[PDB]
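Novice: Dropping in structure.tsv, with TSV, C-alpha atoms (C1' of nucleotides).
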chain	number	residue	atom	x	y	z
Z	101	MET	CA	27.48	154.26	157.30
Z	102	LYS	CA	27.05	157.93	158.30
Z	103	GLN	CA	30.23	159.73	159.29
Z	104	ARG	CA	29.67	163.11	160.80
Z	105	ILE	CA	32.56	165.30	159.65
Z	106	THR	CA	32.76	168.55	161.51
Z	107	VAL	CA	35.02	171.48	160.56
Z	108	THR	CA	34.73	173.88	163.47
Z	109	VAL	CA	35.08	176.99	161.31
Z	110	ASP	CA	34.11	180.46	162.64
Z	111	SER	CA	37.52	181.43	161.21
Z	112	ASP	CA	38.32	180.00	157.73
Z	113	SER	CA	35.15	180.94	155.71
Z	114	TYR	CA	32.30	178.49	156.45
Z	115	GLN	CA	29.43	180.70	157.58
Z	116	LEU	CA	29.27	182.39	154.14
Z	117	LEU	CA	28.79	179.20	152.08
Z	118	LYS	CA	25.90	178.17	154.31
Z	119	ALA	CA	24.88	181.79	154.80
Z	120	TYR	CA	23.91	181.59	151.16
Z	121	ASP	CA	22.42	178.01	151.28
Z	122	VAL	CA	25.03	175.21	151.23
Z	123	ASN	CA	26.14	173.74	154.60
Z	124	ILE	CA	28.99	172.02	152.70
Z	125	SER	CA	27.06	168.68	152.56
Z	126	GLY	CA	27.35	168.65	148.76
Z	127	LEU	CA	30.23	171.15	148.73
Z	128	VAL	CA	32.66	169.26	151.02
Z	129	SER	CA	31.90	165.88	149.44
Z	130	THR	CA	32.27	167.49	145.99
Z	131	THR	CA	35.45	169.33	146.83
Z	132	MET	CA	36.47	166.07	148.46
Z	133	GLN	CA	36.36	164.04	145.22
Z	134	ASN	CA	38.37	166.72	143.44
Z	135	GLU	CA	40.75	167.25	146.37
Z	136	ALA	CA	40.72	163.46	146.77
Z	137	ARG	CA	41.76	162.74	143.19
Z	138	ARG	CA	44.11	165.63	142.64
Z	139	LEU	CA	44.97	166.48	146.30
Z	140	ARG	CA	46.87	169.77	145.69
Z	141	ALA	CA	45.40	172.27	143.19
Z	142	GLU	CA	43.67	172.57	139.80
Z	143	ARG	CA	42.63	175.14	137.19
Z	144	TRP	CA	39.74	175.48	134.71
Z	145	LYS	CA	38.25	178.17	132.42
Z	146	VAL	CA	35.17	180.45	132.21
Z	147	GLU	CA	32.15	179.22	134.20
Z	148	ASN	CA	30.08	179.05	130.99
Z	149	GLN	CA	26.97	178.72	133.20
Z	150	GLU	CA	24.11	181.08	134.19
Z	151	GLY	CA	23.58	181.87	137.88
Z	152	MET	CA	19.81	181.90	138.45
Z	153	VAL	CA	19.45	180.67	142.06
Z	154	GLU	CA	17.84	182.27	145.14
Z	155	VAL	CA	18.50	182.06	148.91
Z	156	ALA	CA	16.06	181.93	151.88
Z	157	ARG	CA	18.08	179.15	153.58
Z	158	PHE	CA	15.91	177.31	156.12
Z	159	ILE	CA	17.24	173.98	157.37
Z	160	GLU	CA	20.11	174.41	159.84
Z	161	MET	CA	19.00	175.80	163.23
Z	162	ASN	CA	20.54	175.11	166.67
Z	163	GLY	CA	23.17	176.20	169.21
Z	164	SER	CA	23.53	176.65	172.99
Z	165	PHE	CA	25.98	177.12	175.89
Z	166	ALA	CA	25.83	177.29	179.70
Z	167	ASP	CA	28.93	178.05	181.79
Z	168	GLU	CA	28.84	176.27	185.15
Z	169	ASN	CA	32.51	175.33	185.81
Z	170	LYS	CA	35.66	175.22	183.59
Z	171	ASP	CA	36.80	171.61	183.90
Z	172	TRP	CA	39.19	170.93	186.80
T	1	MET	CA	33.82	180.78	170.52
T	2	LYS	CA	34.33	178.72	167.33
T	3	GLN	CA	31.55	177.23	165.16
T	4	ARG	CA	31.06	173.53	164.51
T	5	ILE	CA	30.12	172.74	160.94
T	6	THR	CA	29.50	169.11	160.20
T	7	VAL	CA	28.59	167.28	156.97
T	8	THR	CA	27.07	163.97	158.12
T	9	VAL	CA	28.62	162.27	155.13
T	10	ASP	CA	31.34	159.58	154.93
T	11	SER	CA	31.52	157.94	151.53
T	12	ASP	CA	30.73	161.21	149.66
T	13	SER	CA	34.47	161.59	148.98
T	14	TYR	CA	34.79	163.27	152.45
T	15	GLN	CA	36.58	160.26	153.95
T	16	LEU	CA	39.15	160.18	151.08
T	17	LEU	CA	40.38	163.70	151.93
T	18	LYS	CA	41.04	162.96	155.57
T	19	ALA	CA	41.86	159.40	154.56
T	20	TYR	CA	45.04	160.96	153.23
T	21	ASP	CA	45.84	163.31	156.15
T	22	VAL	CA	43.36	166.18	156.27
T	23	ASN	CA	40.09	166.14	158.19
T	24	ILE	CA	39.27	169.01	155.74
T	25	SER	CA	38.83	171.51	158.56
T	26	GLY	CA	41.03	174.11	156.87
T	27	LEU	CA	40.06	173.02	153.36
T	28	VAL	CA	36.27	173.01	153.72
T	29	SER	CA	35.77	176.53	155.12
T	30	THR	CA	38.68	177.85	153.00
T	31	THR	CA	37.20	176.33	149.91
T	32	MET	CA	33.84	177.75	150.93
T	33	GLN	CA	35.26	181.31	150.87
T	34	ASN	CA	36.00	180.60	147.20
T	35	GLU	CA	32.49	179.30	146.45
T	36	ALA	CA	31.17	181.90	148.93
T	37	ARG	CA	33.02	184.67	147.09
T	38	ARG	CA	32.16	183.51	143.64
T	39	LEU	CA	28.75	181.81	144.40
T	40	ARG	CA	27.62	181.51	140.77
T	41	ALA	CA	25.05	178.68	141.06
T	42	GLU	CA	24.78	175.08	142.30
T	43	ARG	CA	24.80	172.23	139.75
T	44	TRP	CA	21.31	170.70	139.99
T	45	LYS	CA	21.91	166.94	140.25
T	46	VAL	CA	19.55	165.13	137.84
T	47	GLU	CA	18.28	161.54	138.21
T	48	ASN	CA	17.81	158.67	135.71
T	49	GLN	CA	14.81	156.58	136.81
T	50	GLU	CA	12.50	155.01	134.22
T	51	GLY	CA	8.69	155.12	134.35
T	52	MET	CA	7.28	152.62	131.86
T	53	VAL	CA	5.25	149.41	132.25
T	54	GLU	CA	3.21	146.87	130.24
T	55	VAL	CA	-0.15	145.09	130.72
T	56	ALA	CA	-1.13	142.30	128.35
T	57	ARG	CA	-4.38	140.71	129.58
T	58	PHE	CA	-7.07	138.40	128.14
T	59	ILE	CA	-9.58	136.42	130.23
T	60	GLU	CA	-12.93	134.96	129.02
T	61	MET	CA	-16.75	135.23	129.22
T	62	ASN	CA	-18.99	132.15	129.38
T	63	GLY	CA	-22.74	131.95	130.01
T	64	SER	CA	-25.63	129.49	130.36
T	65	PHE	CA	-29.12	129.12	128.86
T	66	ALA	CA	-32.72	128.52	129.99
T	67	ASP	CA	-35.74	126.58	128.70
T	68	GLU	CA	-38.96	127.74	130.44
T	69	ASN	CA	-42.43	127.72	128.82
T	70	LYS	CA	-45.75	128.76	130.47
T	71	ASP	CA	-47.30	125.50	131.56
T	72	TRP	CA	-50.79	125.47	129.98
X	1	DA	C1'	13.82	155.15	159.47
X	2	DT	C1'	17.10	158.42	157.53
X	3	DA	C1'	19.30	162.54	156.31
X	4	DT	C1'	21.39	166.37	157.90
X	5	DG	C1'	23.25	169.63	161.19
X	6	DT	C1'	24.74	170.66	165.89
X	7	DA	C1'	26.29	170.47	171.12
X	8	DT	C1'	28.63	168.50	173.95
X	9	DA	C1'	32.25	165.38	177.37
X	10	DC	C1'	36.64	164.21	176.21
X	11	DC	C1'	42.08	165.29	175.08
X	12	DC	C1'	45.87	168.02	175.87
X	13	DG	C1'	47.56	173.00	177.45
L	1	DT	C1'	31.54	174.11	179.53
L	2	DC	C1'	37.40	175.77	176.07
L	3	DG	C1'	38.92	174.01	171.42
L	4	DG	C1'	39.45	170.28	166.55
L	5	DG	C1'	37.12	166.09	165.97
L	6	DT	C1'	35.14	162.86	167.84
L	7	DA	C1'	29.78	159.81	169.19
L	8	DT	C1'	26.12	160.19	170.75
L	9	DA	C1'	22.48	162.66	172.01
L	10	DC	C1'	19.49	165.78	170.29
L	11	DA	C1'	17.12	169.10	166.92
L	12	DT	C1'	15.13	169.69	162.67
L	13	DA	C1'	13.45	168.59	157.94
Translate the structure of the given file into structure tokens.
Specialist:
Amino acid sequence: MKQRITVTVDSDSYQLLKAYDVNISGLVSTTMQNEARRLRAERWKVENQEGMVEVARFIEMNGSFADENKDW
Amino acid sequence: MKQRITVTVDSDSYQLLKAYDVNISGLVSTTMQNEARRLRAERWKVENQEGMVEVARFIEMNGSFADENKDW
DNA sequence: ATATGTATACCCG
DNA sequence: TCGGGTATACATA
């Protein structure tokens, strides 16, 4: 099924990743497999890959808030 | 005010992380800072679907004949 | 009809 | 609204 995982960041370092163009959908799930298998920490070598990607993120858009109480 | 970031995933390895004991909250956004700091380039996920097909056809073509004349 | 992201009432404090 | 994380409700693609 579809499980909505929500990491209420605003602190750790979420806004940047998506600020560039990756609202963790593929990131989390990717990190997940790695963190899932190894669950601790790993190490690799030089990227050995060219970085030719742009931005212009345009998918995520929402947000609201209206104070009218406090809750008891 | 914090910020809710949610990957509507489940089986994309996400569940496995929290399945252990970490809803990834701290991991996700932390990890992001790493990919947000380094942001080299996303790994374009390629497919593997074929696009070939056959035909093989052979019907027939039959016809009739006529007599006629002129009649005197 | 999904896929994806998000807000929000709730929970305890 | 209070928040992590939730579902659903809702927005958006």
Novice: Chain T residues within 9 Å of chain Z, counting only C-alpha atoms: which ones, as a PyMOL selection string?
Specialist: chain T and resi 1-20+23-37+39-42
Novice: I'm after chain Z in the frame of chain T: fit it by least squares over all Cα atoms matched in order, and give me the output as a JSON list (two decimals) with C-alpha atoms, in the frame of the given file.
Specialist:
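File written: superposed33.json
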[["chain", "number", "residue", "atom", "x", "y", "z"],
["Z", 101, "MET", "CA", 14.61, 159.53, 164.66],
["Z", 102, "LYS", "CA", 13.76, 158.12, 161.20],
["Z", 103, "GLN", "CA", 11.85, 160.46, 158.92],
["Z", 104, "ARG", "CA", 10.55, 158.84, 155.80],
["Z", 105, "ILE", "CA", 10.76, 161.47, 153.05],
["Z", 106, "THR", "CA", 8.90, 160.48, 149.95],
["Z", 107, "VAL", "CA", 9.11, 162.31, 146.60],
["Z", 108, "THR", "CA", 6.40, 160.72, 144.49],
["Z", 109, "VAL", "CA", 8.33, 161.09, 141.23],
["Z", 110, "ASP", "CA", 7.33, 159.12, 138.09],
["Z", 111, "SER", "CA", 7.66, 162.55, 136.43],
["Z", 112, "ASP", "CA", 10.75, 164.60, 137.46],
["Z", 113, "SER", "CA", 13.62, 162.05, 136.98],
["Z", 114, "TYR", "CA", 13.80, 159.63, 139.95],
["Z", 115, "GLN", "CA", 13.57, 156.19, 138.37],
["Z", 116, "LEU", "CA", 16.88, 156.72, 136.52],
["Z", 117, "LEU", "CA", 19.02, 157.50, 139.61],
["Z", 118, "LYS", "CA", 17.77, 154.33, 141.29],
["Z", 119, "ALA", "CA", 17.58, 152.54, 137.95],
["Z", 120, "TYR", "CA", 21.35, 152.74, 138.09],
["Z", 121, "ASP", "CA", 21.71, 152.00, 141.88],
["Z", 122, "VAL", "CA", 20.99, 154.99, 144.15],
["Z", 123, "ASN", "CA", 17.45, 155.32, 145.61],
["Z", 124, "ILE", "CA", 18.42, 158.88, 146.66],
["Z", 125, "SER", "CA", 19.16, 157.76, 150.27],
["Z", 126, "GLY", "CA", 22.69, 159.15, 150.01],
["Z", 127, "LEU", "CA", 21.83, 161.38, 147.03],
["Z", 128, "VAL", "CA", 18.93, 163.34, 148.59],
["Z", 129, "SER", "CA", 20.69, 163.74, 151.94],
["Z", 130, "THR", "CA", 23.86, 164.80, 150.07],
["Z", 131, "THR", "CA", 22.08, 167.17, 147.75],
["Z", 132, "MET", "CA", 20.25, 168.27, 150.87],
["Z", 133, "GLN", "CA", 23.38, 169.52, 152.67],
["Z", 134, "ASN", "CA", 24.45, 171.41, 149.56],
["Z", 135, "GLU", "CA", 20.94, 172.67, 148.80],
["Z", 136, "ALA", "CA", 20.59, 173.25, 152.55],
["Z", 137, "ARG", "CA", 23.70, 175.42, 152.83],
["Z", 138, "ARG", "CA", 23.49, 177.23, 149.54],
["Z", 139, "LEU", "CA", 19.74, 176.79, 148.78],
["Z", 140, "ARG", "CA", 19.72, 178.11, 145.17],
["Z", 141, "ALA", "CA", 22.53, 176.99, 142.82],
["Z", 142, "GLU", "CA", 26.28, 176.32, 142.62],
["Z", 143, "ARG", "CA", 29.07, 175.62, 140.12],
["Z", 144, "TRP", "CA", 32.30, 173.58, 140.15],
["Z", 145, "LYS", "CA", 34.91, 172.34, 137.63],
["Z", 146, "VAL", "CA", 36.03, 169.08, 135.94],
["Z", 147, "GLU", "CA", 35.05, 165.90, 137.82],
["Z", 148, "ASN", "CA", 38.74, 164.94, 138.15],
["Z", 149, "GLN", "CA", 37.57, 161.45, 139.18],
["Z", 150, "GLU", "CA", 37.47, 158.02, 137.45],
["Z", 151, "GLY", "CA", 34.11, 156.29, 137.01],
["Z", 152, "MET", "CA", 34.70, 152.59, 137.70],
["Z", 153, "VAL", "CA", 31.37, 151.42, 139.21],
["Z", 154, "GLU", "CA", 28.91, 148.70, 138.13],
["Z", 155, "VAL", "CA", 25.12, 148.25, 138.46],
["Z", 156, "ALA", "CA", 23.02, 145.11, 139.22],
["Z", 157, "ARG", "CA", 20.81, 147.04, 141.69],
["Z", 158, "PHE", "CA", 19.06, 144.61, 144.06],
["Z", 159, "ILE", "CA", 17.49, 146.13, 147.16],
["Z", 160, "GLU", "CA", 14.27, 148.00, 146.38],
["Z", 161, "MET", "CA", 11.36, 145.70, 145.44],
["Z", 162, "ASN", "CA", 7.62, 146.26, 146.06],
["Z", 163, "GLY", "CA", 4.40, 147.77, 144.68],
["Z", 164, "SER", "CA", 0.68, 146.90, 144.42],
["Z", 165, "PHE", "CA", -2.82, 148.25, 143.70],
["Z", 166, "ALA", "CA", -6.41, 146.96, 143.81],
["Z", 167, "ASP", "CA", -9.35, 149.10, 142.63],
["Z", 168, "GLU", "CA", -12.51, 148.36, 144.61],
["Z", 169, "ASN", "CA", -14.24, 151.79, 144.91],
["Z", 170, "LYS", "CA", -13.07, 155.41, 144.31],
["Z", 171, "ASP", "CA", -13.68, 157.08, 147.66],
["Z", 172, "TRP", "CA", -17.16, 158.59, 148.09]]
Novice: Go through Z:156, Z:144, Z:138, Z:161 and flag the residue nearest chain L, using all atoms listed in the file for the distances.
Specialist: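 For chain L, the nearest of the candidates is Z:161.
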Novice: Per residue of chain Z within 7 Å of chain L, which atom pair is closest and at what distance in Å (one decimal), using only C-alpha atoms (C1' of nucleotides), listed by chain and increasing number, as CSV?
Specialist:
residue,atom,partner,partner_atom,distance
Z:106,CA,L:5,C1',6.7
Z:108,CA,L:4,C1',6.7
Z:159,CA,L:13,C1',6.6
Z:162,CA,L:11,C1',6.9
Z:166,CA,L:1,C1',6.5
Z:167,CA,L:1,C1',5.2
Z:168,CA,L:1,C1',6.6
Z:169,CA,L:1,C1',6.5
Z:170,CA,L:1,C1',5.9
Novice: Within 8 Å of chain T, which residues of chain X show up when using only C-alpha atoms (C1' of nucleotides), listed as a CSV table (one decimal) with C-alpha atoms (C1' of nucleotides), in the frame of the given file?
Specialist:
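File produced: result.csv:
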chain,number,residue,atom,x,y,z
X,4,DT,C1',21.4,166.4,157.9
X,5,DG,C1',23.2,169.6,161.2
X,6,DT,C1',24.7,170.7,165.9
Novice: Could you please determine the separation between atom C1' of residue X:10 and atom CA of residue Z:160 in Å, to one decimal place?
Specialist: 25.4 Å
Novice: Enter the distance from atom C1' of residue X:1 to atom CA of residue Z:155, in Å, rounded to one decimal.
Specialist: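 Distance reported for this atom pair: 29.3 Å.
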Novice: Calculate how many Å separate atom CA of residue T:43 from atom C1' of residue X:2, rounding to one decimal.
Specialist: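 We find that atom CA of residue T:43 and atom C1' of residue X:2 lie 23.8 Å from each other.
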Novice: Need the axis-aligned box for stretch 155-159 of chain Z with 5 Å each side, so what are the centre and edges in Å to one decimal, as JSON?
Specialist:
{"center_x": 17.2, "center_y": 178.0, "center_z": 153.1, "size_x": 12.6, "size_y": 18.1, "size_z": 18.5}
Novice: From the coordinates I just gave you, please extract chain L so that only N, CA, C and O atoms (P, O5', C5', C4', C3', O3' and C1' of nucleotides) remain, then output it as a PDB file, in the first residue's frame.
Specialist:
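Result saved to selection-v9.pdb:
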ATOM      1  P    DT L   1       0.244  28.389  16.077  1.00  0.00           P
ATOM      2  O5'  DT L   1      -0.956  27.373  15.815  1.00  0.00           O
ATOM      3  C5'  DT L   1      -2.286  27.848  15.602  1.00  0.00           C
ATOM      4  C4'  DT L   1      -3.262  27.096  16.479  1.00  0.00           C
ATOM      5  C3'  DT L   1      -2.641  26.184  17.532  1.00  0.00           C
ATOM      6  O3'  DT L   1      -2.441  26.894  18.760  1.00  0.00           O
ATOM      7  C1'  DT L   1      -4.193  24.945  16.262  1.00  0.00           C
ATOM      8  P    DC L   2      -1.442  26.297  19.871  1.00  0.00           P
ATOM      9  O5'  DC L   2      -0.441  25.382  19.036  1.00  0.00           O
ATOM     10  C5'  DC L   2       0.627  25.958  18.284  1.00  0.00           C
ATOM     11  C4'  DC L   2       1.874  25.117  18.418  1.00  0.00           C
ATOM     12  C3'  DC L   2       2.007  24.023  17.363  1.00  0.00           C
ATOM     13  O3'  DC L   2       3.384  23.778  17.062  1.00  0.00           O
ATOM     14  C1'  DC L   2       1.721  23.028  19.501  1.00  0.00           C
ATOM     15  P    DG L   3       3.793  23.210  15.615  1.00  0.00           P
ATOM     16  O5'  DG L   3       4.844  22.055  15.934  1.00  0.00           O
ATOM     17  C5'  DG L   3       5.746  22.164  17.038  1.00  0.00           C
ATOM     18  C4'  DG L   3       6.254  20.795  17.431  1.00  0.00           C
ATOM     19  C3'  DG L   3       6.130  19.727  16.343  1.00  0.00           C
ATOM     20  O3'  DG L   3       7.264  18.854  16.365  1.00  0.00           O
ATOM     21  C1'  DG L   3       4.860  19.079  18.238  1.00  0.00           C
ATOM     22  P    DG L   4       7.660  18.031  15.041  1.00  0.00           P
ATOM     23  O5'  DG L   4       7.792  16.525  15.545  1.00  0.00           O
ATOM     24  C5'  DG L   4       9.070  15.941  15.816  1.00  0.00           C
ATOM     25  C4'  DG L   4       8.934  14.445  15.991  1.00  0.00           C
ATOM     26  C3'  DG L   4       8.761  13.648  14.702  1.00  0.00           C
ATOM     27  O3'  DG L   4       9.209  12.303  14.882  1.00  0.00           O
ATOM     28  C1'  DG L   4       6.706  13.689  15.911  1.00  0.00           C
ATOM     29  P    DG L   5       9.272  11.311  13.619  1.00  0.00           P
ATOM     30  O5'  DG L   5       7.765  10.837  13.433  1.00  0.00           O
ATOM     31  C5'  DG L   5       7.321   9.573  13.917  1.00  0.00           C
ATOM     32  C4'  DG L   5       5.869   9.374  13.561  1.00  0.00           C
ATOM     33  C3'  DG L   5       5.570   9.440  12.060  1.00  0.00           C
ATOM     34  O3'  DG L   5       5.362   8.114  11.553  1.00  0.00           O
ATOM     35  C1'  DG L   5       3.938  10.634  13.399  1.00  0.00           C
ATOM     36  P    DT L   6       4.655   7.902  10.124  1.00  0.00           P
ATOM     37  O5'  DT L   6       3.103   7.834  10.473  1.00  0.00           O
ATOM     38  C5'  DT L   6       2.627   7.002  11.533  1.00  0.00           C
ATOM     39  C4'  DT L   6       1.232   7.418  11.940  1.00  0.00           C
ATOM     40  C3'  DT L   6       0.256   7.647  10.794  1.00  0.00           C
ATOM     41  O3'  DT L   6      -0.396   6.421  10.438  1.00  0.00           O
ATOM     42  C1'  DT L   6       0.016   9.313  12.527  1.00  0.00           C
ATOM     43  P    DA L   7      -0.803   6.143   8.907  1.00  0.00           P
ATOM     44  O5'  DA L   7      -2.287   6.715   8.785  1.00  0.00           O
ATOM     45  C5'  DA L   7      -3.252   6.482   9.812  1.00  0.00           C
ATOM     46  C4'  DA L   7      -4.645   6.788   9.309  1.00  0.00           C
ATOM     47  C3'  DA L   7      -4.842   6.682   7.796  1.00  0.00           C
ATOM     48  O3'  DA L   7      -6.113   6.088   7.504  1.00  0.00           O
ATOM     49  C1'  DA L   7      -4.855   9.000   8.535  1.00  0.00           C
ATOM     50  P    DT L   8      -6.760   6.263   6.042  1.00  0.00           P
ATOM     51  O5'  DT L   8      -7.576   7.628   6.145  1.00  0.00           O
ATOM     52  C5'  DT L   8      -8.194   8.026   7.372  1.00  0.00           C
ATOM     53  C4'  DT L   8      -8.643   9.468   7.292  1.00  0.00           C
ATOM     54  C3'  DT L   8      -9.313   9.865   5.978  1.00  0.00           C
ATOM     55  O3'  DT L   8     -10.342  10.829   6.221  1.00  0.00           O
ATOM     56  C1'  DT L   8      -7.354  11.153   6.271  1.00  0.00           C
ATOM     57  P    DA L   9     -11.491  11.063   5.121  1.00  0.00           P
ATOM     58  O5'  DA L   9     -11.569  12.648   4.981  1.00  0.00           O
ATOM     59  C5'  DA L   9     -11.057  13.506   6.003  1.00  0.00           C
ATOM     60  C4'  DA L   9     -10.385  14.708   5.386  1.00  0.00           C
ATOM     61  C3'  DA L   9     -10.905  15.098   3.998  1.00  0.00           C
ATOM     62  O3'  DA L   9     -11.279  16.481   3.987  1.00  0.00           O
ATOM     63  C1'  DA L   9      -8.534  14.936   3.989  1.00  0.00           C
ATOM     64  P    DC L  10     -11.939  17.122   2.669  1.00  0.00           P
ATOM     65  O5'  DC L  10     -10.716  17.845   1.948  1.00  0.00           O
ATOM     66  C5'  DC L  10      -9.768  18.603   2.702  1.00  0.00           C
ATOM     67  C4'  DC L  10      -8.544  18.898   1.866  1.00  0.00           C
ATOM     68  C3'  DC L  10      -8.810  19.195   0.384  1.00  0.00           C
ATOM     69  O3'  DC L  10      -8.530  20.574   0.106  1.00  0.00           O
ATOM     70  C1'  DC L  10      -6.893  17.810   0.715  1.00  0.00           C
ATOM     71  P    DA L  11      -8.610  21.122  -1.407  1.00  0.00           P
ATOM     72  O5'  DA L  11      -7.086  21.199  -1.872  1.00  0.00           O
ATOM     73  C5'  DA L  11      -6.041  21.447  -0.928  1.00  0.00           C
ATOM     74  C4'  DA L  11      -4.722  21.659  -1.637  1.00  0.00           C
ATOM     75  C3'  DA L  11      -4.811  22.042  -3.116  1.00  0.00           C
ATOM     76  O3'  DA L  11      -3.808  23.016  -3.429  1.00  0.00           O
ATOM     77  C1'  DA L  11      -3.666  19.955  -2.889  1.00  0.00           C
ATOM     78  P    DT L  12      -3.694  23.594  -4.925  1.00  0.00           P
ATOM     79  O5'  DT L  12      -2.647  22.623  -5.634  1.00  0.00           O
ATOM     80  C5'  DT L  12      -1.411  22.288  -4.998  1.00  0.00           C
ATOM     81  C4'  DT L  12      -0.589  21.382  -5.884  1.00  0.00           C
ATOM     82  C3'  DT L  12      -0.803  21.557  -7.393  1.00  0.00           C
ATOM     83  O3'  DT L  12       0.463  21.641  -8.061  1.00  0.00           O
ATOM     84  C1'  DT L  12      -1.069  19.288  -6.787  1.00  0.00           C
ATOM     85  P    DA L  13       0.520  21.824  -9.661  1.00  0.00           P
ATOM     86  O5'  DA L  13       1.134  20.448 -10.179  1.00  0.00           O
ATOM     87  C5'  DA L  13       2.323  19.907  -9.597  1.00  0.00           C
ATOM     88  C4'  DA L  13       2.668  18.583 -10.241  1.00  0.00           C
ATOM     89  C3'  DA L  13       2.499  18.533 -11.761  1.00  0.00           C
ATOM     90  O3'  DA L  13       3.538  17.756 -12.361  1.00  0.00           O
ATOM     91  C1'  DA L  13       1.124  16.895 -10.769  1.00  0.00           C
TER      92       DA L  13
END
